[PDB]
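The block underneath contains the structure these notes are about, expressed in structure tokens.
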Amino acid sequence: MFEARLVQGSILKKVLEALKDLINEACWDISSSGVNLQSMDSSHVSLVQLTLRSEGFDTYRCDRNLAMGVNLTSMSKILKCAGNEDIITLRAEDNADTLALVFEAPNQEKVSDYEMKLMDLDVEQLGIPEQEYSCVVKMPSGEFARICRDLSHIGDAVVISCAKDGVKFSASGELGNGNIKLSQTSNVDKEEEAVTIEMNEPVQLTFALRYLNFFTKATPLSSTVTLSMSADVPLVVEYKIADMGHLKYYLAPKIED
Amino acid sequence: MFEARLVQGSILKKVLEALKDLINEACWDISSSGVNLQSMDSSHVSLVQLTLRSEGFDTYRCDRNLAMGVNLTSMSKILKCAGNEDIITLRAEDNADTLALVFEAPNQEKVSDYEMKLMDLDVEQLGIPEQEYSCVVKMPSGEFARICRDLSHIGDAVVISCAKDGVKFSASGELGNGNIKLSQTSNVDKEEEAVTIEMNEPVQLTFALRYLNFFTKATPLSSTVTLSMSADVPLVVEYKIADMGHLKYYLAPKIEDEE
Amino acid sequence: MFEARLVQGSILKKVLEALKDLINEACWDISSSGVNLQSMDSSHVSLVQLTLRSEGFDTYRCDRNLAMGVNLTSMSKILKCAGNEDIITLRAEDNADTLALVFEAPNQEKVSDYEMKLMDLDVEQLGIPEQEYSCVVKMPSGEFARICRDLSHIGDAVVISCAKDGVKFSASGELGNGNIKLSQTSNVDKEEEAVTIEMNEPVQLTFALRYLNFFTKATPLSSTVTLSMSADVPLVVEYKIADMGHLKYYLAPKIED
Amino acid sequence: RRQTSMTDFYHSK
Amino acid sequence: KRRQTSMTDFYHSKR
Amino acid sequence: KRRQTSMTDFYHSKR
């Protein structure tokens, strides 16, 4: 049996609003350590990895390990019925085919319960090894989303150039071309609206704006976003879910023949 | 001759915003008591009955009784042309086919008038007798609208179960099922954001969420809504237009024939 | 070579927000005086004439006179990527096929560059002589836009009646009719110039509401709008772009045969 | 299993 | 009925 | 040149 309560249900709602449009069916791996989800999209071009540890939960019990097949859209539809300041509890027996979700309002007068149907899935799970990248850039989430949205009006692929002084986002299309340059900001102490860069070697890569626009749907989860990358390896767009864990999006680059 | 001036014209503006999408053409009965409207939708599944007494109006004169048929969509288009803080006057001579609406601003520097064409229509008016219901629930309007929308995200029909402890809205679909439990407020709020239930007999009924979402479009009229219902009778969703009058939505249930 | 820097760049965006939907392709005439644009719509019923002087710019250099043909929709798409509080510089050499637009943030940390492709067009330029009209009405821009929208919900043509006492906007359609009367006020106002009227001869004319609704898209440009008209001549709806210049919309009336 | 109408419960006087 | 006129009916066009 | 790659080209599957 599996049971877990979290008061900050906004976390879950934001998570699924970040997942609903990119993944349709996933496999939640549940263990005593916590909750994991790794799944790629249909095109195998991007990958999503969500991790939420048990310590972040207010109550957490998991005797048997689970591997639940979920429709992200239906569970997000259910979670859309929960207020932003509600307390959310997930429950599921071992040899069960349903998942119970309980929403408790701030006032102790409304209690909602839902039973969602589970599914048996064939999820192809890759092994991503731990590694350091050549440059890691932390910048405001909303600014990254703004940059991606603005460049989607220009072309279909973005070339990002990362050095120590700043980052540059380039994109070309039938109407023309465009560059957006963000400079290293060490003068202001506030980490929210600040862009920090840790660089070993400058890196120039190309990705599809489609996948990045789907990625930026995780903006309300964190104030800042982390772009990690090295030469000719997938980009990692990371959103740190406060105290709970992280949500990273791997995006495959474009290579030259 | 009929003439009526109202300063708090937003009320009227709000009123048609609740009606234009569900009813397209209605018959306004005008009498010395006030204004009445009873009309069914195209599907004949729901009925709307609005009453606005003359006492709530700022000025009201009507020598002959009228029963004027209007297209609600065009009249709502007219009322969209009125500012939220305008003074609205309605006028129509005896046995007339036009209705004059005059919007006069607070600064009294812009004056707009409109004459919308009336029409002779075939209004099927039913006779609903006054009756008491087994369960009456008063609850915040926004909460009812939120519940209806969220359950519309789950299924297409809602089952409302009313007892003495509280009310429960259930809905099932291909993805699964869900229940929303609202308990009678015991936390003595007095703020009016509380759910009170007066019950004679417990009642479980089933209705279509589409019609209820159409009903919740009258939310800005009142802070609270009253759901009245008994066994195997249409639900009544009532919105109290402050001091002036009321707007009631009758919705026929869904019964199971037992094969 | 042509270069022009302007700090209140929001203006430019607003300019294109008024132009992209009515005109698709225009011819920007560039000279030492400033920037001019005159172009008719496809229907040849209305004309747009924009003039913005050099004095309003923060810096302005133009060695050779240019007449570059631009796609207003593409340039508006580009300017949509600029924040309202950005400093915008336009640049283009003489024998060039591209126009460079540079967005500089106030904090001087975000710099955006864009190069849009130009095109050779055949613009039919009309000769508008300076002339006095029988009635000139100054009124709040937003009030004119509201009147036009409200009458557009009623009919397709508006009848303007201007005398010394006030103005009246009439419109009829299948649902009915409507009149909007604005009376000459008390001259204590300011940016909400409660309709001022300078009258030589009373004038009643008829115009199409669609064109006026396209015209009112220039509302954020100016605080007030001026409607100039006389008997059986096109109305001139003028929006003064603060200190920069003006933007006029000429609209031909409807006469009875 | 059956959606009813207003006419089924009341009457047109 | 009424006929909608054009700018060409009032002014003249250059190049 | 320009070519779109996939995740399988960089990482490997389990079992």
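Where a number appears in this text, it was derived from the coordinates with a stated rule and is not lab data. Backbone-built Cβ (ideal geometry, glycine too); neighbour counts: all protein chains shown.
Just how many % of Cα pairs in segment A:37-101 lie over 18 Å apart, if you round to the nearest whole percent?
Considering segment A:37-101, 53 percent of its Cα-Cα pairs are separated by more than 18 Å.
Counting each pair of different Cα atoms once, what's the Kirkwood radius of segment C:52-198 in Å, rounded to one decimal?
20.2
For chain A, just the Cα atoms, rotate onto the principal axes and tell me the three extents in Å, largest first.
54, 42, 36
Based only on Cα atoms, what Rg/Rh ratio does segment B:141-259 have, Rh being taken as Kirkwood's radius?
Here the Rg-to-Rh quotient is 0.96.
Of all DSSP beta bridges located in chain A, what percent are antiparallel, nearest 5?
For chain A, the DSSP antiparallel bridge percentage is about 100.
Classify segment B:161-230 as rounded, prolate or oblate from the Cα gyration tensor: take a ≥ b ≥ c as the square roots of its eigenvalues, call it rounded if a/c is under 1.5, otherwise prolate when a/b beats b/c and oblate if not.
oblate
Rounded to the nearest 20 debye, what is the charge dipole size of the protein assembly as shown about its Cα centre when +1 sits on each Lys and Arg Cβ and -1 on each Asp and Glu Cβ?
720
How many partner chain Cβ atoms sit within 10 Å of a residue's Cβ in peptide B:105-112, on average, as a whole number?
5
Per residue of A:39-51, how many C-beta atoms from partner chains lie within 10 Å of its own C-beta, taken as a mean?
For peptide A:39-51, the averaged partner shielding equals 2.
Work from the charge dipole of chain C (Cβ charges, +1 for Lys and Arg, -1 for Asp and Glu, about the Cα centre) and give the residue of C:37, C:135, C:71 farthest towards its positive end.
Positive-end residue among those listed: C:135.
What is chain B's relative contact order, in percent, from Cα pairs under 8 angstrom and six or more apart in sequence?
Answer for chain B is 20 percent.
Over 20 Å intervals from 0, what percent of Cα-Cα pairs in the protein assembly as shown sits in each interval?
Reading upward from the zero bin: 13, 31, 37, 18, 1.
Please give me, ordered by residue number, the chymotrypsin sites (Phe, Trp or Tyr not before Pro) of segment B:91-145 that lie in loop per DSSP and have at most 15 other Cβ atoms within 10 Å.
none
Going down the list A:254/C:117; B:77/B:217; B:20/B:117; A:77/A:248, which pairs span over 21 Å between their C-alpha atoms?
Exceeds cut-off: A:254/C:117; A:77/A:248.
From the alpha carbon gyration tensor of segment A:1-53, can you work out the equivalent ellipsoid semi-axes (sqrt of 5 times each eigenvalue) and give them in Å, largest to smallest?
21, 14, 8
Among C:218, C:163, C:26, which one moves the most in a GNM of chain C with springs linking Cα atoms closer than 10 Å?
Per the Cα network of chain C with a 10 Å cutoff, C:163 tops the list.
Once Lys and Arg get +1 and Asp and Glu get -1 on their Cβ, which of A:118, A:167, A:22 lies farthest toward the positive end of the dipole of chain A?
A:167
Might you report the magnitude of the Cβ-based charge dipole of chain B about its Cα centre, with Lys and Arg at +1 and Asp and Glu at -1, to the nearest 20 debye?
The dipole of chain B has a size of about 640 debye.
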